[PDB]
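Novice: Just so we're aligned, residue 1 is where the sequence shown starts under PDB author numbering, counting upward by one.
Where a beta carbon is used, it is the ideal one built from N, C-alpha and C, also for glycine.
Take this structure, written in structure tokens, and hold onto it; I'll ask about it next.
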Amino acid sequence: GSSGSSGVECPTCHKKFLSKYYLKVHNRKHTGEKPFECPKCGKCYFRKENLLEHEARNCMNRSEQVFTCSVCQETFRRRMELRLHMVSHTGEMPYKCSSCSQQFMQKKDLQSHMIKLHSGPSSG
Ligand SMILES: [Zn+2]
Ligand SMILES: [Zn+2]
Ligand SMILES: [Zn+2]
Ligand SMILES: [Zn+2]
């Protein structure tokens, strides 16, 4: 049935990809001991409660690579989206700017933003 094409393969789930890059980032999950994991698909869930929900909320199903929240188990076809969504759970992003008052998830992400956008090689 389902077929793929020239590319790498996951020595864990046996899932081929277009480029190693994706394969690696994908394996990120596999690695790292976990307490529980959906016995239907294989989604590790630190908290049991979360695991149970998911099973009902959503499970393995031929569909575009999406992301699942960690509080409401939402659905995001993109990674960044989830990041901009999590803020709703914690009010707002963990990091913020001062000149523009931007928002970021990482400290370095902000510092660099102020060192390039605010402190770029241009005078604009
Ligand atoms: Zn895999
Ligand atoms: Zn599942
Ligand atoms: Zn959420
Ligand atoms: Zn800024």
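Using only CA atoms, which one of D109, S88, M93 and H113 lies nearest to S99?
Specialist: To locate residue 99, count along the sequence shown from 1; it is residue 99. Nearest C-alpha to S99: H113.
Novice: Within 7 Å: the Cβ of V71 and any heavy atom of ligand 3?
Specialist: Walking along the sequence shown from the start, residue 71 turns up at place 71. Within the cutoff, so yes.
Novice: For the segment 76 to 122, which segments carrying the alpha helix (DSSP H) assignment without a break, of at least 4 residues, lie completely within its bounds, in sequence order?
Specialist: 79 to 89 and 107 to 116
Novice: Any idea if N50 is buried or exposed, counting beta-carbon neighbours within 10 angstroms, 16 or more meaning buried?
Specialist: If you number the sequence shown from 1, residue 50 lands on position 50. Label assigned to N50: buried.
Novice: So, helix, strand or coil for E37, using DSSP?
Specialist: Against the sequence shown, residue 37 aligns to sequence position 37. In this structure, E37 counts as strand in the three-state DSSP scheme.
Novice: Answer yes or no: do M93 and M105 have a C-beta to C-beta separation smaller than 8 Å?
Specialist: What you label residue 93 is simply residue 93 of the sequence shown in a count that begins at 1. What you label residue 105 is simply residue 105 of the sequence shown in a count that begins at 1. Yes; because the gap between Cβ atoms is below 8 Å, this pair is in contact.
Novice: For the alpha helix (DSSP H) holding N27, just list the boundary residues, first then last.
Specialist: For the purposes of this step, residue 27 is taken as residue 27 along the sequence shown, with counting starting at 1. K20 to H30 is the extent of the alpha helix (DSSP H) around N27.
Novice: If you draw a straight line from the C-alpha of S123 to the C-alpha of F67, how long is it?
Specialist: Position 123 of the sequence shown, counted from the start, is the residue given in the question as residue 123. Position 67 of the sequence shown, counted from the start, is the residue given in the question as residue 67. When rounded, the distance between both Cα atoms is 39 Å.
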